[PDB]
Amino acid sequence: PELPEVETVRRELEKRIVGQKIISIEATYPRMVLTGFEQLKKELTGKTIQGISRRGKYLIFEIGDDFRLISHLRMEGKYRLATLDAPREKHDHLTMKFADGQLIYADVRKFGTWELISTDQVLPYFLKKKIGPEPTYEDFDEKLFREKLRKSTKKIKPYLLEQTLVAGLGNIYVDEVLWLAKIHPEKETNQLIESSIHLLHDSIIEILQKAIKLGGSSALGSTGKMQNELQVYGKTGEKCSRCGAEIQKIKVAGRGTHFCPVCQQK
DNA sequence: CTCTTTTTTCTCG
DNA sequence: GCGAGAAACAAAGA
Ligand SMILES: *Sc1nc2[nH]cnc2c(=O)[nH]1
Ligand SMILES: O=c1[nH]c(S)nc2[nH]cnc12
Ligand SMILES: O=c1[nH]c(S)nc2[nH]cnc12
């Protein structure tokens with residue numbers, strides 16, 4: 001999932017599990033709890049969920065006043081709310097049991113992570129990872145964005161994927177964003193002119209906010225509609241609606257990359 | 001059978 | 001510092 005998918009999950013969880021006391025926590029794959037499963041079980045059992053927040057692609061469970069559970073779904077992580085007698089499925093790894101249901105985390109590839117962080121260490125946690133601003137008009141300052149692009153010789157797609165210029169883009173939405181902003185994914189950022197950076201900035205915000213509104217692209221959050229609106233991602237050889245031009249797929253910095261050459265020249 | 005394909009961090013030169 | 005490639009892992013497809 002990327003930011004819109006994580007936000008969709010956040011919103012559904014917020015509706016269902018806020019106010020709920022954690023009765024027990026169980027793991028079949030404790031190794032995904034990077035801060036230590038025993039510690040997390042001991043600290044969180046019997047606590048009440050106060051809220052669910054998000055920073056970039058990270059889910060943040062607010063559990064009691066003094067702890068947060070930071071969850072990353074990485075490539076394939078999925079949450080679901082199930083009855084207490086629900087059978088185990090093959091790639092289920094963790095469950096948070098309540099009095100009247102349970103929250104189960106599953107992840108085929110086992111990439112997703114849980115970290116128990118004290119409340120006053122949440123802002124330092126994200127500072128240490130150098131996560132950039134949220135993709136909103138209020139938080140995403142174009143002026144700083146422009147200065148960082150000017151000072152780098154990185155290619156724009158991998159630099160956007162680093163999460164440092166702005167938080168939340170992954171492979172799908174960065175491809176969508178660059179098509180919308182008419183920018184080549186291998187464009188060196190210090191070659192971008194001011195008007196292109198402005199369109200890029202606005203496009204990042206517009207695409208991600210649209211995806212959030214449509215419930216992401218497609219367990220919780222599996223009812224998304226953004227997939228119907230994708231212009232280039234996963235559409236190799238299909239039309240760009242531009243006079244017969246077709247989407248090409250190339251590899252950029254190790255990632256599958258979908259773009260429309262005629263639209264996205266350097 | 002092999003090889004490639006699908007977020008973040010780590011290693012190497 | 002940089003980029004390239006690979007690591008963590010599972011499953012599906014060519
Ligand atoms: S360049 C181009 N050609 C078209 N032919 C039908 N519609 C077109 C369009 O929107 N753009
Ligand atoms: O944190 C990252 N997330 C993604 S999607 N791509 C990257 N390339 C380098 N870092 C990152
Ligand atoms: O009208 C457009 N034409 C092309 S070629 N690319 C685009 N990206 C966003 N709009 C367009």
Side-chain angles (χ1 to χ4, degrees), chain A residues 1-10 27-30 32-37 54-60 69-79 89-94 104-115 117 125-129 131-132 134-135 148-177 184-191 204 208 211 216-219 221-222 224 226-227 230 232-238 247-250 252-259:
Chain A
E2 303 171 35
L3 179 151
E5 290 71 37
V6 177
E7 175 61 20
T8 301
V9 170
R10 187 203 73 76
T28 55
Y29 193 64
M32 64 165 287
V33 181
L34 305 185
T35 47
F37 177 70
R54 184 192 47 68
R55 182 76 172 91
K57 301 168 199 175
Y58 297 74
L59 269 182
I60 305 167
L69 173 52
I70 299 189
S71 161
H72 204 296
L73 289 70
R74 294 289 193 98
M75 292 292 284
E76 299 207 9
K78 295 176 170 47
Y79 284 101
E89 293 174 10
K90 189 173 193 293
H91 300 291
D92 293 348
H93 301 313
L94 302 174
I104 301 169
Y105 182 74
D107 190 330
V108 174
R109 294 184 77 188
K110 294 181 164 73
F111 289 169
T113 57
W114 275 14
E115 291 165 285
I117 304 300
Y125 173 99
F126 289 110
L127 288 174
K128 180 174 174 171
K129 295 190 182 302
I131 305 302
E134 293 292 315
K148 289 190 171 180
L149 298 173
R150 172 181 73 82
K151 299 180 77 156
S152 176
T153 45
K154 290 178 179 171
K155 296 172 182 181
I156 185 61
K157 169 167 175 174
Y159 195 13
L160 287 173
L161 287 180
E162 291 178 9
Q163 307 300 295
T164 55
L165 293 166
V166 60
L169 295 161
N171 210 34
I172 298 179
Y173 296 117
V174 71
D175 277 3
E176 292 297 314
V177 151
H184 196 291
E186 296 182 293
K187 177 75 164 178
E188 301 183 351
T189 64
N190 66 357
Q191 299 292 330
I204 290 164
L208 290 180
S217 299
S218 303
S222 60
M226 186 58 184
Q227 65 281 359
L230 301 174
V232 291
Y233 180 86
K235 290 172 147 63
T236 312
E238 304 182 34
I247 294 134
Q248 281 184 19
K249 185 179 185 182
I250 62 179
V252 174
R255 305 301 297 276
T257 300
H258 312 80
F259 75 123

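By convention in this document, chain letters (A, B, ...) are assigned in the order of the sequence lines, proteins followed by strands, and residues within each chain are numbered from 1.
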Next on the checklist: Could you work out, with ring-ring contact (aromatic ring centres under 6.0 Å, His included) as the rule, every residue matching A/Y233, not counting sequence neighbours?
Outcome noted: A/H258
Next on the checklist: Between C/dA12 and B/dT8, how far apart are the two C1' atoms, rounded to whole Å?
Outcome noted: 23 Å
Checklist entry - Can you check the A/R255 CZ to B/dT4 P distance for me, whole Å? => result 17 Å
Item to check | Distance, rounded to the nearest Å, where A/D107 contributes CG and C/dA11 contributes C1' | outcome: 13 Å
Next on the checklist: Less than 4.0 angstrom from a charged side-chain N to a carboxylate O is my criterion; do A/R55 and A/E134 meet it?
Outcome noted: yes
Next on the checklist: OP1 or OP2 of B/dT8 versus the side-chain N and O atoms of A/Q163: is any pair under 4.0 Å?
Outcome noted: yes
Item to check | Minimum heavy-atom distance between A/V174 and A/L169, given as atom pair plus value | outcome: N-CD2, 4.2 Å
Checklist entry - When the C1' atoms of C/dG5 and B/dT4 are considered, how many whole Å apart are they? => result 15 Å
Quick test: give all pairs of protein nitrogen or oxygen and nucleotides 7-9 of chain C nitrogen or oxygen below 3.5 Å, distance rounded to 0.1 Å.
{"unit_1": "C/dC9", "atom_1": "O4'", "unit_2": "A/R109", "atom_2": "O", "d": "3.2"}
{"unit_1": "C/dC9", "atom_1": "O2", "unit_2": "A/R109", "atom_2": "NE", "d": "2.7"}
{"unit_1": "C/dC9", "atom_1": "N3", "unit_2": "A/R109", "atom_2": "NH2", "d": "3.1"}

Checklist entry - Looking at A/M32, A/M75, A/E76, which hits side-chain contact (heavy atoms from CB on, under 4.5 Å) with A/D107? => result A/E76
Item to check | Separation between the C1' atoms of B/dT7 and C/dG13, rounded to whole Å | outcome: 22 Å
Checklist entry - Judged by atom type as modelled, is there a donor-acceptor pair below 3.5 Å linking the side chain of A/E5 to the main-chain atoms of A/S217? => result yes
Checklist outcome for this item: For A/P185 and A/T257, the nearest pair of non-hydrogen atoms, with its separation, is CG-CG2, 3.6 Å
Checklist outcome for this item: Taken to the nearest whole Å, CD/A/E162 to P/B/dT7 is 14 Å
Checklist entry - Atom CE of A/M32 to atom P of B/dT8: distance rounded to whole Å? => result 14 Å
Next on the checklist: Counting only side-chain heavy atoms from C-beta out, which of C/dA11, B/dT6, B/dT9 sits nearest to A/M75?
Outcome noted: B/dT6
Next on the checklist: Rounding to an integer number of Å, can you tell me how far A/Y125 OH sits from B/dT9 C1'?
Outcome noted: 12 Å
Checklist entry - Whole-Å distance between C/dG3 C1' and A/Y159 OH? => result 15 Å
Item to check | Rounded distance in Å - CD (A/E76) to P (B/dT7) | outcome: 11 Å
Next on the checklist: Tell me whether the side-chain N/O atoms of A/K57 come closer than 4.0 Å to OP1 or OP2 in B/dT7.
Outcome noted: yes
Item to check | Classified sugar conformation, B/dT9, by whichever sign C1'-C2'-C3'-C4' takes | outcome: south
Checklist entry - For C/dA10, does either OP1 or OP2 sit under 4.0 Å from a side-chain N or O belonging to A/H91? => result no
Item to check | Interatomic distance, A/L161 CG vs C/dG5 P [rounded to whole Å] | outcome: 17 Å
Item to check | Sugar of B/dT4 - north (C1'-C2'-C3'-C4' positive) or south (negative) | outcome: south
Next on the checklist: With a cut-off of less than 4.0 Å, is there a side-chain N or O of A/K90 near OP1 or OP2 of C/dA11?
Outcome noted: yes
Item to check | Step-by-step side-chain hydrogen bond (donor to acceptor under 3.5 Å, both in side chains) determination, A/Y79 to A/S71 | outcome: CA-CA 11 Å; A/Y79 284 101; A/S71 161; 2.7 Å; yes
Checklist entry - salt bridge (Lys or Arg N to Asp or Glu O under 4.0 Å) with A/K154: which residues, sequence neighbours excluded? => result A/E162
Item to check | Selection from C/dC2, B/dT5, B/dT7 that lies nearest to any side-chain heavy atom of A/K249 | outcome: B/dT5
